[PDB]
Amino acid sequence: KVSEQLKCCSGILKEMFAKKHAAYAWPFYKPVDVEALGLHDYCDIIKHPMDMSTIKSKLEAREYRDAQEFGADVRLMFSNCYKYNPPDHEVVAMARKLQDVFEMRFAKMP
């Protein structure tokens, strides 16, 4: 059922938070601290910021109708990173390693 795939989405997000991915996952745990980093143009270029904490809140508040809507937010998080940053930047390399974890689990969902 729809509520079985949303249970898997929780498991996928929990995995993305787990210790074994912590070295490359941490930049996506919470909203980009644009204040502290002095990224004055970030909110102008990124219209819909997204992060794993915001996704966790939305998932616990059952604001995702299906896995596809959860998926769109995970991919928005990564797209925001790929959009703002050059391809050589360390955060892009970290995004890709975490996205690979997401894409494999998301694809193998029953």
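Residue numbers here begin at 1 and follow the sequence given. Take the two forms, find the largest set of C-alpha atoms that superpose within 1.5 Å, and that set is the rigid core.
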Between stretches 58-66 and 31-39, more displaced by Cα RMS in 7 other deposited structures of this protein (rigid core superposition): 31-39
Between 71-79 and 40-48 (mean CA B-factor, as deposited), the higher: 40-48
Selected stretch [higher average CA B-factor]: 91-99 or 5-13: 5-13
Record-listed C-alpha B factor of residue 26: chain third: lowest
